[PDB]
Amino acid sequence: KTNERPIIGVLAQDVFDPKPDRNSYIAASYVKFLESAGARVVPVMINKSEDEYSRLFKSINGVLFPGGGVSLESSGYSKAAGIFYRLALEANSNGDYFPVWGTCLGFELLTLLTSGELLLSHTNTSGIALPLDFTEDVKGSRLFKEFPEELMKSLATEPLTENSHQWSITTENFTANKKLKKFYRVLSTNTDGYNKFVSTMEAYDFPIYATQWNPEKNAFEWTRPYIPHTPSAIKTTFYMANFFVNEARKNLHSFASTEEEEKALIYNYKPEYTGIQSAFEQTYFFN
């Protein structure tokens, strides 16, 4: 029994210099990423009540924590994400399957929510397209199970994954942390020549997935020259999203009504063209 009308939440985040109609934002490339794999999208607002979030949590079928440049510890984004994290652990523990996806900053947030500490160190990874150095553990993984063999090989040898991050967790700090090591299976790593860091992971016992790299950009973002756009880069971004959305298809929540559904969808919002200057072609701004 699957849910073939999956709806996924994407978290908004605190805007660097806030003002009316501009307190938070979501980059359109995260919306496109999900929609391409057959999901509809609900922008989740920052600084809302806990009851509001459980309302939303019980209505949607998955959440994605996107990249960005906002505090892991005291932002609207980090508060909301923590609430979604806890709701997800609990729902899943009780057999209500509910997938959570962490991209870049969202990955880092995940290390914090699960470990309870900040374990990040600096990496020369601000603007570089990389292959993935798979671990031996990818062989049984959930994330990469449905990927074509051909694409798996390309991903190992081709610069298909975009990194635009200043911070990482070294495999050493990740392995040194007991909460992380017990919880997450590491599927690939990368290095900048000195630092070896965790690049893709999935929880052992929860449908929680995270990449330090930004899978959504290969199809959808064109304004920086270290975004890969080869044919295999384009498939990589489809197949990642496809896996996440097929995880969302195992969740059976729905909105209380079609009217509540319609009022929540990203379709009520129009994005701004921000590509002349930003890394983002288009961004959604919220009050």
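Sequential numbering from 1, following the sequence displayed.
Review point. In the PDB record, does 254 to 262 or 239 to 247 carry the higher mean Cα temperature factor?
Key: Averaging CA B-factors over each stretch, the winner is 254 to 262.
Check your understanding: Going by the B-factors listed in the PDB entry, is the mean over the C-alpha atoms higher for 79 to 87 or for 171 to 179?
Key -> Taking the mean B-factor of the alpha carbons in each, 171 to 179 is higher.
Point to revise | Candidate set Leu119, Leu110, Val100, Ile128 [ranked by C-alpha B-factor, highest] | key: When the deposited C-alpha B-factors of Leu119, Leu110, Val100, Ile128 are compared, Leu119 is largest.
Practice item. Classify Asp51 as lowest, middle or highest third according to the C-alpha B-factor given in the PDB entry, relative to its own chain. Key: Its C-alpha B-factor, which the entry lists for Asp51, ranks in the highest third among residues of this chain.
Review point. Which third of the chain does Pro215 land in by C-alpha B-factor: lowest, middle or highest?
Key: Lowest third, going by the recorded CA B-factors of the chain.
Check your understanding: Lowest, middle or highest third: where is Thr223 by C-alpha B factor in its chain?
Key -> Highest third - that is where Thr223 ends up once the chain's C-alpha B-factors are sorted.
Check your understanding: Which third of the chain holds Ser74 when residues are ordered by C-alpha B factor: lowest, middle or highest?
Key -> Its C-alpha B-factor belongs to the highest third of this chain's values.
Check your understanding: Which third of the chain does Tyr284 land in by C-alpha B-factor: lowest, middle or highest?
Key -> Tercile = lowest for this residue's CA B-factor.
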